[PDB]
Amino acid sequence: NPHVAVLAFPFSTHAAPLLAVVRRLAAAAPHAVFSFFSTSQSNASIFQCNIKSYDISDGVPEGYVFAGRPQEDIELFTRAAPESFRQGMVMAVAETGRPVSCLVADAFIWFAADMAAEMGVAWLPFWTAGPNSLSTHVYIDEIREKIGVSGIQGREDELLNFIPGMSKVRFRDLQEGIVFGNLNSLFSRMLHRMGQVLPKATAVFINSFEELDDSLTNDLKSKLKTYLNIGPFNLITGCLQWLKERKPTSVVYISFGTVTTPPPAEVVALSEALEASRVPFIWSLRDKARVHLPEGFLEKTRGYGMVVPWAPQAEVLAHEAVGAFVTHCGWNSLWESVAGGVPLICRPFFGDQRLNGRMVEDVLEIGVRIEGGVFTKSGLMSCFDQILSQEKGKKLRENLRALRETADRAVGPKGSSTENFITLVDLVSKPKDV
């Protein structure tokens, strides 16, 4: 009888959505036991009696002094991860007296495919982001072949139209590690390999819906053995008190997810735009970053806006008082804004965020871009006006309503995501081959 090993990626918003799916799987397959592996800090943060969490090593050696490189924690985790997860799984097998029958893992868990092969079990990677970024990873060699790896200077606005479903994607929209950025880094090489091995998975599953882009869906089904859209998850499953008192569609919510803050000059520009427009606001800003706020900003905005280290974001976005979302365009944030019917103001930083920005602005038309890709005072005030007071916002809100309805049908009875989820339950329910 099944024992599903679940290997979480413990940085950014990766472990939470994975746990979210595992909970649905555990309810759907009550006879299967689920062992959820992440770091202790990740597990404490994110946490069905058939699920048990196991803390695995963060990969940091006992006396280690950090160099202070960016994503040094991520490198240390990744290098040790194969062995960290192995030791966790040994523990879980011993506790349950059940061999692992299925390996579910974040697609960023490098070597999960090899671990599953060695154990003789199915590999079911979860892509936590959008099919746009899934597509470009799976086509990394073709993209590199076509564009080259010596840079894109003078070609930033050229179109990725040779890749199915990517006609609106520009060269500059690509993730770091594809054709620009540090192509030789550990993160780049691992991502490169991931893209190459994903076609060998039993099934790749994703928090999205097929009808988001039928051509992209068809293309990915052609590149992968089995490809299963099972979302949007969020349509399946004092901030609020303050919002209660605000006019409909009048509040700007600002957040950059779990690991990103804009640079100090952009923190300033945002504070100036909020002040000059006097737009009511809730700004999720790391407390440490408050040092970058201009003297007097908090005092002058106290009567109409709040700066908090953490907001109940999905609930805020669902609140009738919210009229716009200034976002880094992370995948989970985008779908929560769609659930709430709130137009985006896009300021992507890295990873898949530019692709998501492009999707929002140019494909779905549910948000606006910031001219220059950086916060300026006047640029932000224009976005606030366009969305909150002008016809553009009315159109974006209409686009959001139609998009949400499609998404809702995908997760309804007989929906594409509902049917795909049945397929995935069937896969994780399968005992280990004899």
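Note that residue numbering follows the sequence shown and begins at 1.
Please classify the coordinate gap between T237 and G238 in terms of deposited residues: none, 1 to 3, 4 to 9, or 10 or more. Missing residues, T237 to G238: 4 to 9.
For the stretch from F66 to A67, please bin the deposited residues that the model skips: none, 1 to 3, 4 to 9, or 10 or more. None; the chain is continuous from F66 to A67.
Stretch with the higher entry mean CA B-factor, where the candidates are 404-412 and 369-377: Of 369-377 and 404-412, the stretch with the higher C-alpha B-factor average is 369-377.
Higher average CA B factor in the deposited record is what I'm after, so tell me if that's 127-135 or 295-303. Looking at the recorded C-alpha B-factors, 295-303 comes out higher on average.
Per the PDB entry, which option out of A113, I345, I147, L274 has the greatest Cα B factor? Among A113, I345, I147, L274, the highest C-alpha B-factor in the entry belongs to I147.
For the C-alpha B-factor as written in the entry, point me to the maximum among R79, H319, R278, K221. Spelled out: the listed residue with the top C-alpha B-factor is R79.
Where does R193 sit by CA temperature factor within its chain: lowest, middle or highest third? For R193, whose C-alpha B-factor we compare with every modelled residue in the chain, the answer is the highest third.
Ranked by Cα temperature factor within the chain, is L427 in the lowest third, the middle third or the highest third? Ranked within chain, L427 CA B lands in the middle tercile.
Report the third (lowest, middle or highest) to which the CA temperature factor of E176 belongs, ranking only the modelled residues of the same chain. For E176, the deposited C-alpha B-factor lands in the highest third.
Ranking every modelled residue in this chain by its Cα temperature factor as given in the entry, which third contains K168? Highest third - that is where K168 ends up once the chain's C-alpha B-factors are sorted.
Pull the Cα B-factor of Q390 out of the PDB entry and bin it into the chain's lowest, middle or highest third. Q390: CA B-factor falls in the highest third of its chain.
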